[PDB]
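Given as structure tokens, the chain that follows is alone and in the form deposited in one PDB entry.
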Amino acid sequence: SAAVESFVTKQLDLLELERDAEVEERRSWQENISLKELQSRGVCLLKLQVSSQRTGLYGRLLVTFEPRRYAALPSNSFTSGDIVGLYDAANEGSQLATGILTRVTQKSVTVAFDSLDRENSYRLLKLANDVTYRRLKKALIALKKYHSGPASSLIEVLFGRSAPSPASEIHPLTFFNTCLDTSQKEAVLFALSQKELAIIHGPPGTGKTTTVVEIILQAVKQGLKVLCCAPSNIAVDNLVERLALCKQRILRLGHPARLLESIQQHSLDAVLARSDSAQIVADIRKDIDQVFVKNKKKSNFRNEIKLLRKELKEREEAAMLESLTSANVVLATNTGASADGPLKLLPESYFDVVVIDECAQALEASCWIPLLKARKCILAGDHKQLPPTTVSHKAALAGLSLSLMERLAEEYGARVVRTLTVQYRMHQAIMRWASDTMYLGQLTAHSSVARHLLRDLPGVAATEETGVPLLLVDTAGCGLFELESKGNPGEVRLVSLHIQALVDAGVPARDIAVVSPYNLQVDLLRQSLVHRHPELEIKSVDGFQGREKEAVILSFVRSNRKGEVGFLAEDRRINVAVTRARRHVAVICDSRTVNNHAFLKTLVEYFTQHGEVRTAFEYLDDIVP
């Protein structure tokens, strides 16, 4: 109650810092930045046209927006759950309303609300997510004001006040998944045995989610109820897909970010909509069928929806509690799992185990939403990769960067953590660098990826580039300096030349990824490359978490006189960056600058030991020393 009080007040502060930081952050973008290229960044959509408007789940009015009669949407970072602002072109730039994405396709976008004409011209503006802030702030007060309950023991252990209780005796397991390596079989067994806290640690390519799934299947098999969460939609949807293939009884507190049919089937609205209610849409219709007769001009109408509203509620809450009550696993992003959301309906002490996947990517405040809905939690992910992102760096340092899983791991180590060790992605030479610098040399390469090269690929010819798994082309000391975020047009030309090398040898662009730490380098690189290789992904490290290509090319950007790298000195980002690659990783960088940081120095020292190393002088002829 003390360690709790302080942690909490500390957090509540770190938040308004963030919230204030994010808010002002957006004000500037909305200020000194045109509507036209805000969209260019994928953070506003225009100009849009109403395609449909139907009252949906809860009283909420679901409006669907598509590009005016042209037709797919301009690429964007809109995702289910986002907060969105609605404007009219012919209106006074005044904000008409605020909403929530429920479904974002390549050529449509759906917002829930709580007038609108089928003839344009609407705008859509990504805004701070005040709901998340409001929820986080509350699971935080709810924690500090926690009583005597199932969650009691977990909390002691979590806050050091007590210690991981002795692990129940291991009652032999039959594995649903038959192809599990020994490393995973033990993580599973261990995890079921804890009666408090378990953490499974999954380095790049080791099959974490596969092991999270087995663990979940085993807990359903013991007849336990599981609330399973992650910080991202995408993490949640991958679990949904997996569990679904394993014919499990699940319910995702929607909505999905991935559009796969398999996954759309299992979200709340499509669970309810699968009987036994054709009635509840006859309430929806009934009132969205009267906002029709709304335009007569007018009140006393209000009392009539007030009525249909309260009936929809009572009916919806019932079919909900049912669908909830009969699933063995309820799935939600950490936020979705909130105490106001659908879960309010369940009787406390309903769930036994909370599972949180990609915990190392989630900020601890978010984890305390589901975490106190059960007596036992199971954390999974890799705290040696990217931590939760923030806007207020000064807040991050303050401890917002510190996820639940990471602290508990450094804290408890093997009293609680099991780490997977066999990886199925990288050539041994790529693995070995990450193994040793990040994962204590414990990683091992499954025989199906160890040894694999680009020349092994169908249609790919054998080349000085295709037959090597490691390549460094070094910019020291070729006057290929950075700019004045950061950019480096010298590097941009080297990576295009080496892209051309691979593509010309037969490697399809769709198998390659260009990646850079810096947003402006990405921008610089898209500019020079997209028309040349339309299928080639070009992203920042942070926009490539969890991804994987046969070949990855990296651009370090930092090359200067004062020998500075910066944020480039976040090793986990480099770790993530090197580990996306399967058969081939090329690094374009300035030795002379990069070496002034130890982690980076040993990275390039590695490439020098193993794999090939070239100088820019071999690529560029107009180069002046």
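In this text, rigid core is short for the largest set of C-alphas that superpose within 1.5 Å between two forms. The first residue of the sequence shown is number 1, and the count goes up from there.
The next section is about a form of this same protein that is not shown, the form deposited in another entry.
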Core aligned, which of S80, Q184, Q194, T335 has the Cα that shifts 2 angstroms or more between this form and the one not shown? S80
Displaced residue check between this form and the one not shown: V613, CA, 2 Å or over, core reference: no
Do you see a C-alpha shift of 2 Å or more at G99 between this form and the one not shown, with the core held fixed? yes
With both forms fit on the core, has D287 moved 2 Å or more by CA between this form and the one not shown? yes
Sense of CA distance change between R103 and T333 in the other form, threshold 3 Å: farther
Just to spell it out: taking the C-alpha atom of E261 and the C-alpha atom of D542, is that distance smaller or larger in the other form than in the structure shown here, given it changes by 3 Å or more? closer
